[PDB]
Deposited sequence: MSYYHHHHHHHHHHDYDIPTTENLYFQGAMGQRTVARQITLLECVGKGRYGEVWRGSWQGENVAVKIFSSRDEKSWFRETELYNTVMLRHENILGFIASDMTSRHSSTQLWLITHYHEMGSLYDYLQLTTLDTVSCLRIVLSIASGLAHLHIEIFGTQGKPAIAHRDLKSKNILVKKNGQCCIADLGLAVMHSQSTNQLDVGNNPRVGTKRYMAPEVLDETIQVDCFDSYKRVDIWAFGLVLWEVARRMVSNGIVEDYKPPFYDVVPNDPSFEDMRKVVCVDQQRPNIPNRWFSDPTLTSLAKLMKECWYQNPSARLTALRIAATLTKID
């Protein structure tokens, strides 16, 4: 309830606002303070968390949503994960096979839980999945954060709800059909397929940091070789759509069974034809 929270340190900041480590009732909590340029992401994330009832070990736990003064500020208050995002974590550690699979299996679980219509829930597509939007919990599982762009669908009414956030997704992770603008925006499956695309890119990021035969790759973001920091639409269009480039597989992965499997899963997330891509549920089944 925002007025009982002591802000301690900023652990994240971008055009969209800031995330703070705060103290609430003796526990670390995370406080996302939205920029005035991103108020509608606050609206959407608040909408999801207390109309849809997301409770799942692999989706960031919600505490509260509030307006407050500091001067009007929109606050989203969630669980704090001290290990930070998957993006930070992969830079500061290498993985063994067990902790690599635990990460990727938990992401797949959370994404499948979102995607599946059910104390039920509509089907949800995320639309901004990336290593920076995934937290690492102390038990080594991850959870998915940031529902500001989420879209919903119900089979009982066949109503698709896309909100009206003008926010654009992270360009680095956009699926080819997004970059060439042929995605069919009124069809809910279109959005599940872009989540799968982005999930393959994250899978690639994690796998690089798994040690096999005593070697490992450096952490890199997807497409690190071919686009600058902060690529434009046209930058990403040229790589993914025109040149049809996909992240390269390290040769050493084909000498390890687990990384060979993950390489195959990634492949099947990067089909140009979105309807060929695996589903979250099928990915999670393979990973067990």
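- Numbered from the first deposited residue, the unresolved ranges run 1 to 34, 105 to 106, 155 to 157, 328 to 330.
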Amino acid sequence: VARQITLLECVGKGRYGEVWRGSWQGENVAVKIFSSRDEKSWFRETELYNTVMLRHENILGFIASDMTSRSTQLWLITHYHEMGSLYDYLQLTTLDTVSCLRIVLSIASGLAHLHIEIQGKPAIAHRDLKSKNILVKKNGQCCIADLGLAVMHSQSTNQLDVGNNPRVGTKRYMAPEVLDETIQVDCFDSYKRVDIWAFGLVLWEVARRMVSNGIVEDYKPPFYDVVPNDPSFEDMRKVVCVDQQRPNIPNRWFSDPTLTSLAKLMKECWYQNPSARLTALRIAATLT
From here on, numbers count along this sequence of modelled residues.
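- Stretches compared: 123 to 131, 95 to 103. Higher mean C-alpha B-factor in the entry: 95 to 103.
- Looking only at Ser85, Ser109, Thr157, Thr78, the residue with the top Cα B factor in the deposited structure is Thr157.
- In this entry, the residue among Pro231, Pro247, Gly61, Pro221 with the greatest C-alpha B factor is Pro231.
- In the PDB entry, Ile33 places in the middle third of its chain by CA B-factor.
- The entry lists a Cα temperature factor for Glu47 that places it in the middle third of the chain's modelled residues.
- The deposited CA B-factor of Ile118 belongs to the highest third of values across its chain.
- Among the modelled residues of the chain, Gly163 sits in the middle third by CA temperature factor in this PDB entry.
- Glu205 sits in the lowest third of its chain by CA B factor, as recorded in the PDB entry.
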